[PDB]
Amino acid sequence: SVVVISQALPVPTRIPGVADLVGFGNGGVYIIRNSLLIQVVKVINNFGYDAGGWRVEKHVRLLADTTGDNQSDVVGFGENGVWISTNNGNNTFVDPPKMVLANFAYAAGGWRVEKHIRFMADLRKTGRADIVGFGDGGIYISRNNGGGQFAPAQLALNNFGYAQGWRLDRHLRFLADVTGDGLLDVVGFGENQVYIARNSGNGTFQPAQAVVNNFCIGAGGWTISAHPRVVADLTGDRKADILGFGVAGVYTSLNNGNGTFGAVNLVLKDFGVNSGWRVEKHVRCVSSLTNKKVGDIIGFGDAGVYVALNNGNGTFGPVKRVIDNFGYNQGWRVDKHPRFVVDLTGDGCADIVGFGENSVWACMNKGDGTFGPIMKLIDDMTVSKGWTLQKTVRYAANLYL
């Protein structure tokens, strides 16, 4: 499906695609290129816990194409500014990184991981990722003007900021195209309403408008600790819908096609609190698993991975356990073992990857939402090889096409 940026998954992956694995480890940045040779390559002696002083609680580390050549660069929101290591095209990156803007940082603009959100996104159809932050006064953007030149930060909209009452412990903020013009709009699950703000394509967003009185902490009792929510295309028209894992199960509100939204319906009595799903034990994702290229539901539960396939119209088929692994009963832990649903094979049907206690493992989609056997990738980038979730960042990312 289509480009959505969320707090949980700030580095989108392509469908179809052959995603790479990237690790910000103790010693710097390491990649596992998706290829016939599976190996770890150290590419930058920076952006690491010891190699550079990078901290999850102070800094943000992402991958984004900042030049327009469809190669992803490493972008870090560091201590005193934004630092970028560009992709050299050959599984190497520039080192040291370049400081492109003294803003959006812990000691340049007072940015705080616990109050603010920092993304990279092509907001103006230039082919290059601009810097986008949900800061104190609103949403701020720094335009990527090319050749590493980022312009001084401009206020894009005086909303969705900490000053307006937006809180990471209560609310959710996304970027997603809800209108179909290819521009990423803001979607914010506020106190009482889901709000959208249309991207005008010029570095600003239009005034926020409420679309749904549900999916929020004050409207339906949706909490961060218990009820995950996503935005995703559930019908194939490339416009994002709203999906939440609530108490009884999965609730949706479908986009009418113009950024207006339908009623909230319970579409599947599974994957919710009443079926025993718990944010601290389980992982719940929406990704395309089939040739319909719509959002299907994937849950890493107790006994393994469970999937319900979208019929193509936002209704769902039966829940099936597709692999007896990657689950809580197999020792997988949200606090220790990152798990992703991403295309690793290029067929457009997302696959599973997880960074286990000892090894990285994958399980490949057969093409129809059913899965093959578990496969070992490599014995690195794991707990026992010195990667603790709290001192490292790991992503699936398309470094190259």
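Just count from 1 along the sequence shown to find any residue number.
**Item:** 372-380 set against 339-347, stretch whose average Cα temperature factor tops the other in the entry
**Value:** Stretch with the higher mean C-alpha B-factor: 372-380.
**Asked** According to the deposited model, is the average Cα temperature factor higher in 7-15 or in 381-389?
**Response** Per the PDB entry, the higher value belongs to 381-389.
**Request:** Can you pull the Cα B-factors for 158, 86, 255, 330 from the entry and say which is highest?
**Result:** The C-alpha B-factor peaks, among 158, 86, 255, 330, at 158.
**Request:** Compare the CA B factors listed in the entry for 220, 299, 276, 110 and report the winner.
**Result:** Among 220, 299, 276, 110, the PDB entry lists the largest C-alpha B-factor for 220.
**Request:** Would you mind ranking residue 311 by its C-alpha B-factor against the rest of the chain and naming the third, lowest, middle or highest?
**Result:** Lowest third, going by the recorded CA B-factors of the chain.
**Request:** Taking the values exactly as deposited, rank residue 70 by C-alpha B-factor within its chain and report the matching third: lowest, middle or highest.
**Result:** Highest third, going by the recorded CA B-factors of the chain.
**Chain-wide C-alpha B factor ranking for residue 325, given as lowest, middle or highest third** = Residue 325: CA B-factor falls in the lowest third of its chain.
**Request:** Please rank the C-alpha B-factors of the chain's modelled residues and tell me whether residue 91 sits in the lowest, middle or highest third.
**Result:** Lowest third, going by the recorded CA B-factors of the chain.
**Message:** Is residue 64 in the lowest, middle or highest third of its chain when residues are ranked by C-alpha B-factor?
**Reply:** Its C-alpha B-factor, which the entry lists for residue 64, ranks in the lowest third among residues of this chain.
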